[PDB]
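Take a look at the structure set out below.
Starting from 1, each residue takes its place in the sequence as its number.
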Amino acid sequence: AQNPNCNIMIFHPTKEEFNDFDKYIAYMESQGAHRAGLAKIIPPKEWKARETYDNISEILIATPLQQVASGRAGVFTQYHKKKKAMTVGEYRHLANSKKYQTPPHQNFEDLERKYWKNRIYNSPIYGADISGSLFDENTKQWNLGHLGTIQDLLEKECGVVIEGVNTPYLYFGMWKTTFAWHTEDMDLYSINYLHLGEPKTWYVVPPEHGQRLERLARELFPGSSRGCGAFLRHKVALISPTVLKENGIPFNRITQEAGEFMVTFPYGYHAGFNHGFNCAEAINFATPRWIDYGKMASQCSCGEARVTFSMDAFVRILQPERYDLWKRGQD
Ligand SMILES: O=C(O)CNC(=O)C(=O)O
Ligand SMILES: [Mg+2]
Ligand code: NI
Ligand SMILES: [Zn+2]
């Protein structure tokens, strides 16, 4: 078995190997990358996402989200308070202000320490979940707006044609902005490109051990667990590496820098934080190997998770028994 310790693997494809996206994902899996839940892909030196980032300031963040924490430093939830719209230039200036800017630090490990010590005492503002793309239309390789769609994959594997679309999302971050512990909708893959700015630190649980994280989460968030049998789908709970280690949960960590891709694999729980002002683009995708995970994915039916239009068909075709209850949750 390849990668039996489930370490995060880092890949350096050549420009030739960067042509065929599906083929390269399958290669990475042949080497055991999926066992970690997360892999890093450093693009060939010849590649670029677009020519410059000099003209992005007028993108609108219609609903910036202030991420307010509750709990203790290593075990907390966050809720998202909606703020007034602002442009990316306005958000960048806010990220760089004395109130929100990254503190002085020695290195990524020192910054990580400071994040876990102090996150809960601040409420950073995240420009998350903005439909759009920063890839130039002429970028032919690993262009996250030009990937094969999940609907087409389902149709190719299973023969059933379904409605829905699959487009990317932009994330404008600042110091301490946080992504809570989650797997993707329908335990899909994700791919995330850090276009510019400061790093993003990731934590990940191997897919084979995901249920250990779920059992811990039920213990640490006991009211949430009574409310919903899949409350991590709400994407609000944080648990620190120190608490994971104290509870014997297997995990790994890695820091993504500008110019790098990350791939999350089906049922790979992940969480993390931004170091400072940055912009990432991410999208879900599927492969043949996903289908079995999609059929088994948990679902939130309490009403909280509320998701895209395109998840309807995935539930309806892959999980017909669950469909009625899940759809009630959506309505
Ligand atoms: O970058 C973020 O805030 C969150 N991203 C992801 O969870 C992902 O790409 O799968
Ligand atoms: Mg602009
Ligand atoms: Ni994710
Ligand atoms: Zn729920």
Side-chain angles (χ1 to χ4, degrees), residues 11-28 39-47 49-50 52-64 85-92 95 126-156 161-173 179 184-185 188-200 256-264 274 277-287 290 308-311 313:
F11 295 88
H12 287 88
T14 62
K15 63 188 195 304
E16 297 76 17
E17 287 173 336
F18 220 50
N19 287 318
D20 184 338
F21 181 84
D22 288 349
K23 178 184 192 173
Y24 201 79
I25 302 301
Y27 170 73
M28 293 160 56
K40 177 178 293 193
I41 311 92
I42 293 173
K45 70 190 181 292
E46 302 89 356
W47 179 96
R50 65 175 308 104
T52 78
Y53 291 88
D54 292 336
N55 304 115
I56 67 170
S57 305
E58 319 304 310
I59 293 173
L60 194 69
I61 308 171
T63 314
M86 76 185 74
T87 65
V88 163
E90 291 163 338
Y91 177 86
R92 181 175 62 231
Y126 206 174
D129 289 319
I130 296 162
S131 292
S133 186
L134 292 172
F135 285 88
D136 183 317
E137 74 180 6
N138 294 317
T139 300
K140 298 319 180 185
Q141 301 169 313
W142 288 55
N143 183 323
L144 300 188
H146 295 170
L147 302 179
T149 68
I150 298 159
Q151 298 77 17
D152 283 344
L153 182 284
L154 183 153
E155 176 188 329
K156 290 183 298 190
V161 183
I162 52 166
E163 72 290 354
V165 297
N166 176 206
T167 55
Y169 294 90
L170 302 179
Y171 301 77
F172 291 94
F179 52 109
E184 305 302 308
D185 288 347
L188 284 159
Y189 294 72
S190 65
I191 180 163
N192 181 302
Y193 182 69
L194 190 55
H195 281 283
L196 66 93
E198 303 316 306
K200 187 190 293 287
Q256 177 190 21
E257 300 186 78
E260 304 180 338
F261 290 91
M262 307 297 297
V263 166
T264 84
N274 296 303
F277 171 70
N278 67 14
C279 172
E281 181 171 340
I283 198 176
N284 298 117
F285 71 94
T287 70
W290 167 68
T308 183
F309 181 105
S310 308
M311 224 188 98

Got a second to check how far [X]'s [atom1] is from [Y]'s [atom2], nearest 0.5 Å?
| X | Y | atom1 | atom2 | result |
| --- | --- | --- | --- | --- |
| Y126 | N274 | OH | CG | 4.0 Å |
| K200 | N278 | NZ | CG | 5.0 Å |
| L153 | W290 | CG | CH2 | 7.0 Å |

> Using 30° and 60° as the class limits, which term best fits the ring planes of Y193 and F135: parallel, tilted or perpendicular?
Replying inline: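 Ring orientation of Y193 relative to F135: tilted.
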
Restricting to side-chain hydrogen bond (donor to acceptor under 3.5 Å, both in side chains), what partner residues turn up for [X], sequence neighbours left out?
| X | result |
| --- | --- |
| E137 | none |
| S57 | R92 |
| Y189 | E29, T287 |
| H12 | none |

> For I59 and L134, what are the C-alpha separation, side-chain angles and deciding distance, and is it a side-chain contact (heavy atoms from CB on, under 4.5 Å)?
Replying inline: CA-CA 10 Å; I59 293 173; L134 292 172; 3.9 Å; yes

> Can you name the nearest heavy-atom pair linking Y53 to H195, along with the distance?
Replying inline: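 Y53 and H195 have their closest heavy atoms at OH-ND1, 2.7 Å.
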
Going by the rule side-chain contact (heavy atoms from CB on, under 4.5 Å), which residues pair with [X] if we only count those two or more places apart in sequence or in a different chain?
| X | answer |
| --- | --- |
| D129 | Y171 |
| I130 | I61, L170, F172 |
| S131 | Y169 |
| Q151 | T149, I162, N166, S310, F314 |

> Got a sec, which residues hit ring pair (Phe, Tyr, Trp, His ring centres under 6.0 Å) with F179, two or more places apart in sequence or on another chain?
Replying inline: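 Result, ring pair (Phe, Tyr, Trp, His ring centres under 6.0 Å) vs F179: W202.
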
> Partners of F21 by ring pair (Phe, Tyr, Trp, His ring centres under 6.0 Å), sequence neighbours excluded?
Replying inline: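 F21 satisfies ring pair (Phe, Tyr, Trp, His ring centres under 6.0 Å) with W142, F285 only.
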
>> Quick one: does any side-chain atom of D152 pair with a main-chain N or O of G148 as donor and acceptor, under 3.5 Å?
In response: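 No: the side chain of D152 does not pair with the backbone of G148.
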
> Partners of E163 by salt bridge (charged side-chain N to carboxylate O under 4.0 Å, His left out), sequence neighbours excluded?
Replying inline: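 Partners of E163 by the salt bridge (charged side-chain N to carboxylate O under 4.0 Å, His left out) criterion, ordered by chain and then number, come out as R316.
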
>> If the condition is salt bridge (charged side-chain N to carboxylate O under 4.0 Å, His left out), which residues does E260 pass it with, not counting sequence neighbours?
In response: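 Checked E260 against salt bridge (charged side-chain N to carboxylate O under 4.0 Å, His left out); matches are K40.
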
> Is any side-chain heavy atom of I25 closer than 4.5 Å to a side-chain heavy atom of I191?
Replying inline: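 Side chain of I25 against side chain of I191, heavy atoms only: no contact under 4.5 Å found.
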
